[PDB]
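Q: Pasting in a structure now, in structure tokens, and then I'll have a few things to ask.
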Amino acid sequence: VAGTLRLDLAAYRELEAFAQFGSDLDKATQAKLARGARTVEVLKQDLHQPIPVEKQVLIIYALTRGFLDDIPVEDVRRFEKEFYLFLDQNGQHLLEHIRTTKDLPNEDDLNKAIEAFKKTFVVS
Amino acid sequence: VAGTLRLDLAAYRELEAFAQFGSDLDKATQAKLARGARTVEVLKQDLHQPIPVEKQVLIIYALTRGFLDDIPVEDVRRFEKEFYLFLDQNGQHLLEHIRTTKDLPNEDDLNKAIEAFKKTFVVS
Amino acid sequence: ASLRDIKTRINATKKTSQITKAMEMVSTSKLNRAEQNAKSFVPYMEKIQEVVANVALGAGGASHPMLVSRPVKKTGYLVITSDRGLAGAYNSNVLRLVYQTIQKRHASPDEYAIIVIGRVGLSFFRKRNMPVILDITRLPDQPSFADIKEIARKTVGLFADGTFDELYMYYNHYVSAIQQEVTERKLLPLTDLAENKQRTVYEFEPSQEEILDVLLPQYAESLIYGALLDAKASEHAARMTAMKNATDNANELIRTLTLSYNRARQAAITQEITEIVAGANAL
Amino acid sequence: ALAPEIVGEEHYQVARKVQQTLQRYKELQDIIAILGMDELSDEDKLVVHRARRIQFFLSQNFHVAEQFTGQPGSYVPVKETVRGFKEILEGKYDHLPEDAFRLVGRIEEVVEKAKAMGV
Amino acid sequence: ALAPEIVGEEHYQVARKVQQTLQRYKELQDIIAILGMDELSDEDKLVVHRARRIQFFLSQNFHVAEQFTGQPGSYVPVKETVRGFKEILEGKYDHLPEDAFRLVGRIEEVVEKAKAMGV
């Protein structure tokens with residue numbers, strides 16, 4: 001997932017020089033700007049709060065596959081926190097699989113877990 | 001002839017910016033862009049091949065007197081190359097006149113010589 | 001600051017100048033293509049108006065020149081704006097004048113009525129709370145009569161059947177390519193005309209009234225279309241001048257930042273030379 | 001000492017939001033200078049509107065500056081500073097003139113000064 | 001070495017044309033980003049269509065990148081690469097997706113990758 005993150009962030013930073021010219025641009029450009037802003041909000045982190053890699057990979061997957069694109073920008077931090085809490089009680093097999101095999105779990109199962117959490121998430 | 005050449009080159013270098021969409025008659029397309037384009041084309045020179053001052057005078061006079069208005073921009077170089085040979089073949093009187101007196105020859109004689117050459121030239 | 005500090009801002013401002021100049025060129029070509037439609041439209045409007053000059057005179061009318069003038073009930077108002085900004089106060093003048101005059105002359109949402117063209121008008125009226133009835137979100141940079149024809153027909157039909165009292169259009173004219181300003185005019189009742197009679201006895205093959213009843217709506221649509229063409233020309237001229245002034249200001253900033261950078265780097269260099277000389281002298 | 005566990009989460013949030021708004025206002029200066037104020041988006045206009053007022057409200061009249069200027073000076077508790085800046089951030093005083101905030105103490109003196117000027 | 005008699009007339013022609021197309025494409029990024037590419041003239045849109053493919057074709061998979069990616073490398077002769085660029089310029093491959101041209105060797109392998117992805 002890191003390659004996809006790099007590509008998205010590079011496109012965002014290249015296009016950022018034009019975001020000063022209003023909110024009306026080519027229809028793909030504002031979507032790219034929204035994705036870049038969401039990545040910027042995800043990469044933020046508080047002090048003395050290290051994150052295990054098995055949770056980092058999951059949240060970056062959720063970001064990069066577009067599961068986060070319906071959530072507004074200012075709710076991303078709360079989404080990440082609630083998502084870690086949800087993963088603590090459910091989908092523990094995902095964490096164990098990643099932690100023991102250094103690879104992503106079943107594709108369909110991960111999507112199902114993301115959808116299950118997105119159902120119980122609440123938006124402001 | 002150098003003074004006449006200078007202004008055309010300066011005007012073209014000034015108006016190079018608006019080349020994509022020119023519609024204001026000559027101010028945008030004729031004798032302000034086309035003349036400059038042909039000037040730039042005749043100022044190109046091949047490597048390690050100098051040419052005599054009389055032939056330079058002939059070609060610059062031809063450019064400035066509008067005798068190249070009909071030639072396409074991509075054929076001006078071949079026009080000049082053929083014109084040098086035509087001069088060597090017929091304009092010995094004009095070339096010797098310049099090489100001796102350091103002055104331009106008769107206007108009508110020179111114009112009829114270039115018109116005779118244009119009769120034999122073929123556009124590609 | 002540092003040379004490293006200065007270079008980034010110089011780069012950003014140079015890129016801004018580039019973009020503004022490119023947009024200025026595009027607006028110039030758009031204006032050149034935009035004036036052609038006004039040239040084509042003038043004969044149609046004049047030829048319809050000259051027929052009106054004898055058909056619509058000497059008669060009571062079909063409630064258009066009768067001045068039905070219902071005092072206050074959602075009398076219509078036409079607002080024509082752009083869709084993209086970068087035009088300076090072009091849209092601001094129109095929206096400001098419309099809001100002020102309509103708030104001065106009207107005070108009840110039932111007395112109010114607005115028809116808006118372009119995205120920014122809707123985007124501003126969402127900040128406000130005005131009762132919009134219909135809209136056209138976008139129009140190609142070379143709008144034809146047929147492009148706006150259906151909405152013009154809808155609005156003129158709403159004027160008909162007594163639903164709408166009378167209409168005013170608010171849009172920008174241009175004194176020249178460099179100056180653009182606002183006008184408003186009272187459209188449907190048609191209080192002014194001129195009188196000449198050439199075939200006044202018999203131009204009326206079905207009848208006098210019937211041809212007028214359908215000729216008037218088409219005339220009003222033509223008037224709205226002409227106002228639209230003038231608004232488009234004003235918009236393109238406004239973006240031309242706005243980008244020109246923006247590029248000029250950016251170039252001024254380039255000049256100032258460049259002088260500062262060049263003067264700072266020389267002080268740094270002479271500091272380095274002083275250090276070298278003193279170090280040599282110490283031994 | 002500017003850490004949440006030391007001064008309180010409310011204080012930390014207010015300080016960080018103030019600094020963020022000021023940094024955005026600083027970054028917008030060149031585009032304001034070249035492209036004009038009106039070309040700014042609706043959010044950036046609000047950012048500038050709040051940022052100028054915060055920048056002016058940071059000023060204060062000191063006791064020992066009574067010699068330079070006739071104003072007697074003021075002493076402002078941290079709680080009052082936090083509450084006033086929070087109210088400014090949430091847009092309670094967007095309609096007051098800019099000069100009302102300059103060189104005063106607590107938030108209420110801004111209201112009194114605006115009333116004196118007629119707001 | 002990029003001279004007509006050193007590399008050949010065809011090689012010089014192809015290289016000069018590729019450089020011209022890329023340089024022209026460099027002027028349209030901001031315009032395309034701000035105003036939708038639909039407002040550009042028809043020729044310019046086709047120029048952009050070709051420039052994207054040229055840029056993606058300039059990349060190549062290396063033998064030493066085996067460790068970095070897991071894909072074996074390729075060696076492209078100069079005659080084959082100039083013919084491939086000439087074909088792309090003259091348009092007998094405008095019907096393929098741009099993702100096909102990335103990190104690949106000869107022009108035939110581009111068609112093979114496009115067929116693999118399902119064109």
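Starting from 1 in every chain, residues are counted up; chains themselves are A, B, ... following the order of the structure tokens, and ligands are numbered from 1 as listed.
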Residues at most 12 Å from residue 81 of chain A, counting only C-alpha atoms, excluding those fewer than 4 positions away in the same chain, as a list in words?

A: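 Final neighbour list, sorted by chain and number: residues 42, 45, 46, 49, 51, 55, 56, 59, 75, 76, 77, 85, 86, 87, 88, 117 and 121 of chain A.
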
Q: Deliver the residues from the most recent selection as a file, using C-alpha atoms, as a PDB file, in the first residue's frame.

A:
ATOM      1  CA  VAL A  42      -4.369  10.490   8.256  1.00  0.00           C
ATOM      2  CA  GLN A  45      -0.340  11.864  14.928  1.00  0.00           C
ATOM      3  CA  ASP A  46      -0.243  12.975  18.566  1.00  0.00           C
ATOM      4  CA  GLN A  49       1.393   7.573  20.880  1.00  0.00           C
ATOM      5  CA  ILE A  51       1.073   2.809  16.510  1.00  0.00           C
ATOM      6  CA  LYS A  55      -2.815  -1.177  12.585  1.00  0.00           C
ATOM      7  CA  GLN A  56      -0.883   1.266  10.396  1.00  0.00           C
ATOM      8  CA  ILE A  59      -5.701   2.241   8.280  1.00  0.00           C
ATOM      9  CA  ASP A  75     -13.719  13.529  11.059  1.00  0.00           C
ATOM     10  CA  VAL A  76     -10.721  11.469   9.904  1.00  0.00           C
ATOM     11  CA  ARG A  77      -8.889  11.536  13.248  1.00  0.00           C
ATOM     12  CA  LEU A  85     -11.029   0.569  19.050  1.00  0.00           C
ATOM     13  CA  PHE A  86     -13.323  -1.460  16.780  1.00  0.00           C
ATOM     14  CA  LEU A  87     -10.420  -3.585  15.548  1.00  0.00           C
ATOM     15  CA  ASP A  88      -9.495  -4.330  19.163  1.00  0.00           C
ATOM     16  CA  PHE A 117     -17.311  -0.563  11.030  1.00  0.00           C
ATOM     17  CA  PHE A 121     -19.526   5.024  12.591  1.00  0.00           C
TER      18      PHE A 121
END

Q: How close does chain A get to chain D? List, as a tab-separated table, each residue of chain A within 9 Å, its nearest atom pair and the distance in Å to one decimal, counting only C-alpha atoms.

A:
residue	atom	partner	partner_atom	distance
A:20	CA	D:40	CA	8.0
A:21	CA	D:39	CA	8.0
A:22	CA	D:41	CA	6.2
A:23	CA	D:41	CA	7.6

Q: Store the residues of this selection in a file with N, CA and C atoms, as a compact mmCIF listing (two decimals), in the first residue's frame.

A:
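For reference, out.txt as written:
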# COMPACT_ATOMS: atom_id res chain seq x y z
N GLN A 20 -5.20 27.28 -5.22
CA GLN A 20 -5.39 28.68 -4.87
C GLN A 20 -6.35 29.39 -5.82
N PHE A 21 -6.69 28.78 -6.96
CA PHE A 21 -7.50 29.41 -7.98
C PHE A 21 -8.97 29.03 -7.90
N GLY A 22 -9.50 28.81 -6.70
CA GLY A 22 -10.92 28.59 -6.52
C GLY A 22 -11.27 27.12 -6.37
N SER A 23 -12.55 26.90 -6.10
CA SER A 23 -13.08 25.56 -5.91
C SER A 23 -13.63 24.93 -7.18

Q: Could you tell me which residues of chain C sit within 8 Å of chain E when counting only C-alpha atoms, and give me the result as a list in words?

A: residues 19, 22 and 23 of chain C

Q: Using only C-alpha atoms, which protein or nucleic acid residues come within 8 Å of residue 80 of chain C? Drop anything in the same chain fewer than 2 positions from it, and give the result as an NGL selection string.

A: :C and (78 or 82 or 94 or 116-118 or 121 or 170-171 or 228 or 231)

Q: Could you turn the residues from that selection into a file that holds C-alpha atoms, as a short mmCIF file (atom, residue, chain, number, x, y, z; two decimals), in the first residue's frame?

A:
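Saved file out.cif follows:
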data_model
loop_
_atom_site.label_atom_id
_atom_site.label_comp_id
_atom_site.auth_asym_id
_atom_site.auth_seq_id
_atom_site.Cartn_x
_atom_site.Cartn_y
_atom_site.Cartn_z
CA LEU C 78 -33.26 38.43 -14.20
CA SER C 82 -20.50 33.86 -14.71
CA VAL C 94 -24.43 42.59 -10.38
CA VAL C 116 -30.62 33.43 -12.14
CA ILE C 117 -28.07 32.29 -14.74
CA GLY C 118 -24.66 30.87 -13.91
CA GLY C 121 -25.45 33.44 -8.52
CA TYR C 170 -29.84 43.02 -14.54
CA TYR C 171 -26.56 42.42 -16.34
CA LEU C 228 -27.05 37.50 -22.32
CA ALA C 231 -23.16 39.89 -20.25
#

Q: Name the residues in contact with residue 247 of chain C at a cut-off of 10 Å, using only C-alpha atoms, excluding same-chain residues fewer than 3 positions from it; report them as a VMD selection string.

A: (chain C and resid 13 to 14 16 to 21 24 241 to 244 250 to 253) or (chain D and resid 34 to 35)

Q: Those same residues - N, CA and C atoms - I'd like them written as an mmCIF file, in the first residue's frame.

A:
data_model
loop_
_atom_site.group_PDB
_atom_site.id
_atom_site.type_symbol
_atom_site.label_atom_id
_atom_site.label_comp_id
_atom_site.auth_asym_id
_atom_site.auth_seq_id
_atom_site.Cartn_x
_atom_site.Cartn_y
_atom_site.Cartn_z
ATOM 1 N N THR C 13 5.630 32.859 -7.069
ATOM 2 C CA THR C 13 5.091 34.032 -7.745
ATOM 3 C C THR C 13 5.324 33.989 -9.252
ATOM 4 N N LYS C 14 6.467 33.461 -9.697
ATOM 5 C CA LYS C 14 6.696 33.312 -11.132
ATOM 6 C C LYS C 14 5.697 32.339 -11.750
ATOM 7 N N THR C 16 2.707 31.735 -10.613
ATOM 8 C CA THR C 16 1.430 32.444 -10.625
ATOM 9 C C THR C 16 1.343 33.402 -11.810
ATOM 10 N N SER C 17 2.429 34.128 -12.091
ATOM 11 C CA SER C 17 2.443 35.023 -13.246
ATOM 12 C C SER C 17 2.220 34.250 -14.538
ATOM 13 N N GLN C 18 2.888 33.105 -14.678
ATOM 14 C CA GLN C 18 2.713 32.278 -15.867
ATOM 15 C C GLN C 18 1.252 31.887 -16.051
ATOM 16 N N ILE C 19 0.633 31.379 -14.984
ATOM 17 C CA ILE C 19 -0.746 30.906 -15.086
ATOM 18 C C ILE C 19 -1.685 32.054 -15.436
ATOM 19 N N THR C 20 -1.492 33.211 -14.799
ATOM 20 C CA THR C 20 -2.360 34.350 -15.072
ATOM 21 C C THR C 20 -2.231 34.812 -16.518
ATOM 22 N N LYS C 21 -1.003 34.860 -17.046
ATOM 23 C CA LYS C 21 -0.825 35.268 -18.437
ATOM 24 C C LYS C 21 -1.504 34.293 -19.392
ATOM 25 N N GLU C 24 -5.142 34.932 -19.362
ATOM 26 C CA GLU C 24 -5.432 36.167 -20.083
ATOM 27 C C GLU C 24 -5.490 35.925 -21.586
ATOM 28 N N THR C 241 -8.971 42.000 -18.195
ATOM 29 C CA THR C 241 -8.332 43.077 -17.446
ATOM 30 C C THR C 241 -7.890 42.607 -16.062
ATOM 31 N N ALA C 242 -8.663 41.711 -15.442
ATOM 32 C CA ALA C 242 -8.293 41.197 -14.129
ATOM 33 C C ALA C 242 -6.981 40.428 -14.190
ATOM 34 N N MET C 243 -6.848 39.525 -15.167
ATOM 35 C CA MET C 243 -5.601 38.781 -15.303
ATOM 36 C C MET C 243 -4.441 39.694 -15.667
ATOM 37 N N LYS C 244 -4.686 40.721 -16.485
ATOM 38 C CA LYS C 244 -3.612 41.653 -16.816
ATOM 39 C C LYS C 244 -3.088 42.347 -15.563
ATOM 40 N N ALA C 250 2.040 40.745 -9.860
ATOM 41 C CA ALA C 250 2.969 39.652 -9.608
ATOM 42 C C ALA C 250 4.366 39.996 -10.106
ATOM 43 N N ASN C 251 4.461 40.660 -11.260
ATOM 44 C CA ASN C 251 5.764 41.087 -11.761
ATOM 45 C C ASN C 251 6.402 42.124 -10.843
ATOM 46 N N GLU C 252 5.598 43.035 -10.295
ATOM 47 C CA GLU C 252 6.126 43.969 -9.304
ATOM 48 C C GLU C 252 6.696 43.239 -8.093
ATOM 49 N N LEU C 253 5.979 42.226 -7.605
ATOM 50 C CA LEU C 253 6.485 41.438 -6.486
ATOM 51 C C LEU C 253 7.776 40.718 -6.860
ATOM 52 N N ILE D 34 -1.153 39.953 -4.630
ATOM 53 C CA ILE D 34 -1.106 39.935 -6.088
ATOM 54 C C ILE D 34 -2.486 39.738 -6.709
ATOM 55 N N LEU D 35 -3.296 38.819 -6.190
ATOM 56 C CA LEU D 35 -4.555 38.468 -6.827
ATOM 57 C C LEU D 35 -5.761 39.170 -6.216
#

Q: For the structure I just gave you, how does DSSP split segment 80-269 of chain C - specifically, which residues are helix (DSSP H, G or I)? Reply as a count of residues only.

A: 105

Q: List the neighbours of segment 60-73 of chain A out to 10 Å using only C-alpha atoms; skip same-chain residues closer than 5 positions along the sequence, and give me the result as an NGL selection string.

A: :A and (1-2 or 4-5 or 8 or 31 or 34-35 or 37-43 or 55 or 79-80 or 104 or 110-111 or 114-115 or 118 or 121-124)

Q: For the residues selected in the previous step, produce a file with N, CA, C and O atoms as a compact mmCIF listing (two decimals), in the first residue's frame.

A:
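Saved the output as part.txt:
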# COMPACT_ATOMS: atom_id res chain seq x y z
N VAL A 1 0.80 -1.22 0.00
CA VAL A 1 0.00 0.00 0.00
C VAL A 1 0.84 1.28 0.00
O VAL A 1 0.33 2.35 -0.35
N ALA A 2 2.12 1.19 0.39
CA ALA A 2 2.93 2.40 0.48
C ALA A 2 3.16 3.03 -0.89
O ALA A 2 3.23 4.26 -0.99
N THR A 4 1.02 3.07 -3.43
CA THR A 4 -0.19 3.82 -3.75
C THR A 4 -0.26 5.11 -2.95
O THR A 4 -0.67 6.16 -3.47
N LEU A 5 0.13 5.05 -1.68
CA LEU A 5 0.16 6.27 -0.87
C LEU A 5 1.13 7.29 -1.45
O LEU A 5 0.80 8.49 -1.53
N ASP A 8 -0.43 8.89 -4.61
CA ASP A 8 -1.50 9.82 -4.29
C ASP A 8 -0.95 11.12 -3.74
O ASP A 8 -1.36 12.22 -4.14
N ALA A 31 -11.39 15.91 -6.82
CA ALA A 31 -11.34 14.61 -6.18
C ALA A 31 -9.92 14.27 -5.73
O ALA A 31 -9.71 13.75 -4.63
N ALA A 34 -9.19 16.26 -2.66
CA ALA A 34 -9.85 15.69 -1.49
C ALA A 34 -9.09 14.48 -0.97
O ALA A 34 -8.89 14.33 0.25
N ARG A 35 -8.65 13.60 -1.87
CA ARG A 35 -7.88 12.44 -1.45
C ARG A 35 -6.56 12.86 -0.80
O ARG A 35 -6.16 12.29 0.23
N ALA A 37 -5.92 15.68 0.78
CA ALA A 37 -6.23 16.24 2.09
C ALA A 37 -6.51 15.14 3.10
O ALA A 37 -6.10 15.22 4.26
N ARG A 38 -7.22 14.09 2.68
CA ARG A 38 -7.48 12.98 3.59
C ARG A 38 -6.19 12.28 3.98
O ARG A 38 -6.02 11.88 5.13
N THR A 39 -5.26 12.11 3.03
CA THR A 39 -3.97 11.51 3.38
C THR A 39 -3.23 12.38 4.38
O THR A 39 -2.63 11.87 5.34
N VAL A 40 -3.25 13.70 4.17
CA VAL A 40 -2.59 14.61 5.10
C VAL A 40 -3.19 14.49 6.49
O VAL A 40 -2.46 14.49 7.49
N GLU A 41 -4.51 14.37 6.58
CA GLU A 41 -5.14 14.21 7.89
C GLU A 41 -4.83 12.85 8.52
O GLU A 41 -4.74 12.75 9.74
N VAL A 42 -4.68 11.80 7.70
CA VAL A 42 -4.37 10.49 8.26
C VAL A 42 -2.96 10.47 8.82
O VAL A 42 -2.72 9.96 9.92
N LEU A 43 -2.00 11.04 8.09
CA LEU A 43 -0.60 10.98 8.51
C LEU A 43 -0.32 11.75 9.79
O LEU A 43 0.77 11.60 10.36
N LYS A 55 -1.73 -2.15 12.66
CA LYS A 55 -2.82 -1.18 12.58
C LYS A 55 -2.52 -0.09 11.56
O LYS A 55 -3.45 0.40 10.90
N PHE A 79 -12.30 8.98 13.13
CA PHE A 79 -12.48 7.72 12.43
C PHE A 79 -11.34 6.76 12.74
O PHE A 79 -11.56 5.58 13.00
N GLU A 80 -10.10 7.26 12.72
CA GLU A 80 -8.95 6.40 13.00
C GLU A 80 -9.00 5.86 14.42
O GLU A 80 -8.75 4.67 14.65
N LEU A 104 -1.10 -9.07 3.96
CA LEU A 104 -2.49 -8.67 4.13
C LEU A 104 -3.40 -9.89 4.18
O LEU A 104 -3.12 -10.91 3.55
N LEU A 110 -11.49 -8.36 4.64
CA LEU A 110 -11.10 -7.02 5.07
C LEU A 110 -12.13 -5.99 4.65
O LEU A 110 -12.50 -5.11 5.43
N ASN A 111 -12.63 -6.09 3.41
CA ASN A 111 -13.66 -5.16 2.95
C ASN A 111 -14.93 -5.30 3.78
O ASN A 111 -15.57 -4.31 4.12
N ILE A 114 -14.38 -3.54 7.07
CA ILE A 114 -14.44 -2.09 6.91
C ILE A 114 -15.89 -1.63 6.78
O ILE A 114 -16.29 -0.63 7.37
N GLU A 115 -16.69 -2.35 5.99
CA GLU A 115 -18.09 -1.97 5.83
C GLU A 115 -18.84 -2.09 7.15
O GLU A 115 -19.68 -1.24 7.48
N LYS A 118 -17.92 0.91 9.18
CA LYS A 118 -18.50 2.11 8.60
C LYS A 118 -19.99 2.21 8.85
O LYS A 118 -20.53 3.32 8.87
N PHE A 121 -20.10 3.70 12.43
CA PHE A 121 -19.53 5.02 12.59
C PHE A 121 -20.60 6.10 12.41
O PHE A 121 -21.57 5.92 11.68
N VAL A 122 -20.40 7.23 13.09
CA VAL A 122 -21.33 8.35 13.04
C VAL A 122 -20.57 9.59 12.58
O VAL A 122 -19.40 9.78 12.94
N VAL A 123 -21.22 10.43 11.78
CA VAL A 123 -20.57 11.54 11.11
C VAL A 123 -21.17 12.85 11.60
O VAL A 123 -22.37 12.95 11.86
N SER A 124 -20.31 13.86 11.76
CA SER A 124 -20.75 15.19 12.17
C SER A 124 -20.85 16.14 10.98
O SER A 124 -20.63 15.75 9.83

Q: Between atom CA of residue 27 of chain A and atom CA of residue 15 of chain A, measure the distance and give it in Å to one decimal.

A: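 That distance, rounded to one decimal, is 12.9 Å.
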
Q: Given identical sequences, what C-alpha RMSD separates chain B from chain A after least-squares superposition over all Cα in order?

A: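 Across all paired C-alpha atoms, the RMSD is 1.6 Å.
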
Q: Identify all chain C residues at most 9 Å from chain B by counting only C-alpha atoms; ligands do not count. Present them as a ChimeraX atom specification.

A: /C:25-26,28-29,32
